[PDB]
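Residue numbers count from 1 along this sequence. Atom set for the values below is all heavy atoms of this structure, side chains included, hydrogens, waters and symmetry mates excluded.
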Amino acid sequence: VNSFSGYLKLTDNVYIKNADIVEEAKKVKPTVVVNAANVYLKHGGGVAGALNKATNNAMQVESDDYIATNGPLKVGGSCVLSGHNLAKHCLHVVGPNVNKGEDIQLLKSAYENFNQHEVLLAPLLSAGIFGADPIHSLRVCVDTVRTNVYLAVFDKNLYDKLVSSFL
Ligand SMILES: Cc1cccc(C[C@H](CO)Nc2ncnc3[nH]ccc23)c1
């Protein structure tokens with residue numbers, strides 16, 4: 001039993017809610033919140049900009065030190081950093097950005113990072129301003145992640161479309 005509330009069960013291990021991931025994290029304080037990051041951990045907009053703003057820019061400060069030490073992530077890769085006031089940990093995961101011309105097949109590799117964590121609060125990777133098809137991303141999530149994932153989908157119209165089309 002966990003403290004996630006109001007989710008629709010999609011499969012044995014995947015759950016979904018029309019909610020802002022920032023608000024879900026504030027309420028639940030999950031062990032792991034997933035950020036939809038880029039390879040430079042520049043949290044300018046989208047999920048990343050919203051999470052970082054909620055940390056009062058502490059996520060960005062920590063991220064800049066991470067990059068200075070380690071260099072950029074790979075597309076499809078991840079790193080574990082602090083969750084600050086939102087969660088114990090933040091798993092920064094880089095899905096392919098279609099608006100940058102990145103290969104959509106790397107989306108499966110991106111979701112594989114979730115399997116290193118027993119329970120996660122996550123956004124839909126590569127959706128929104130990353131330019132991929134959200135129906136496809138939900139499908140890849142369900143077919144790749146085996147651990148327990150709670151998907152917060154902020155956009156109400158998108159949430160309705162995802163539920164009504166889910167096979
Ligand atoms: C990768 C990506 C970037 C930009 C947008 C989206 C779409 C999703 C779903 O609508 N956005 C969100 N989902 C959950 N919590 C959120 N908080 C603020 C925005 C937001 C995906």
In short, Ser63 meets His43 closest at the heavy-atom pair OG-NE2, 2.9 Å
From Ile16 CD1 over to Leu138 CG, what is the distance, rounded to the nearest 0.5 angstrom? 5.5 Å
Would you give the length of the straight line joining atom CG of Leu41 to atom CG of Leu73, rounded to the nearest 0.5 angstrom? 5.0 Å
Give the other cluster members for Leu167, using side-chain heavy-atom distances under 4.5 Å between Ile, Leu, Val, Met, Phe, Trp and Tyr residues; answer none if it is isolated. none
Linked, directly or transitively: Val94 and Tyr66 (ILVMFWY side chains, under 4.5 Å): yes
What distance do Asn18 atom CG and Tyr7 atom OH have between them, rounded to the nearest 0.5 Å? 10.5 Å
Sequence neighbours left out, cut at 3.5 Å: what donor-acceptor pairs do the side chains of residues 26-33 make with other protein atoms?
from, atom 1, to, atom 2, distance (Å)
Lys26, NZ, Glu23, OE2, 3.3
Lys29, NZ, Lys26, O, 3.0

Return the CD1 to SG distance between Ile67 and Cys79, rounded to the nearest 0.5 Å. 7.0 Å
Using a 3.5 Å cut-off and no angle test, enumerate the donor-acceptor pairs between side-chain atoms of residues 44-57 and protein atoms at least two apart in sequence or in another chain.
from, atom 1, to, atom 2, distance (Å)
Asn52, OD1, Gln60, N, 2.9
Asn52, ND2, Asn57, OD1, 2.9
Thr55, OG1, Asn52, O, 2.8
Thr55, OG1, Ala58, N, 3.3
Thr55, OG1, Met59, N, 3.0

Closest non-hydrogen atom pair between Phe166 and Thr11, with its separation: CZ-CG2, 4.1 Å
Residue pairs involving residues 143-154 (criterion side chain to side chain donor-acceptor pair (under 3.5 Å); sequence neighbours excluded): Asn2-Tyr150, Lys108-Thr144, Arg139-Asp143
For residues 88-98, the side chain to side chain donor-acceptor pair (under 3.5 Å) pairs (sequence neighbours left out) are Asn35-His92
Would you be so kind as to tabulate the donor-acceptor pairs closer than 3.5 Å made by side chains of residues 130-137, with sequence neighbours excluded?
from, atom 1, to, atom 2, distance (Å)
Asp133, OD1, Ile135, N, 3.0
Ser137, OG, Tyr111, OH, 2.8
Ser137, OG, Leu125, O, 2.7

CD of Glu24 to CG of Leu121: how many Å apart, nearest 0.5 Å? 6.0 Å
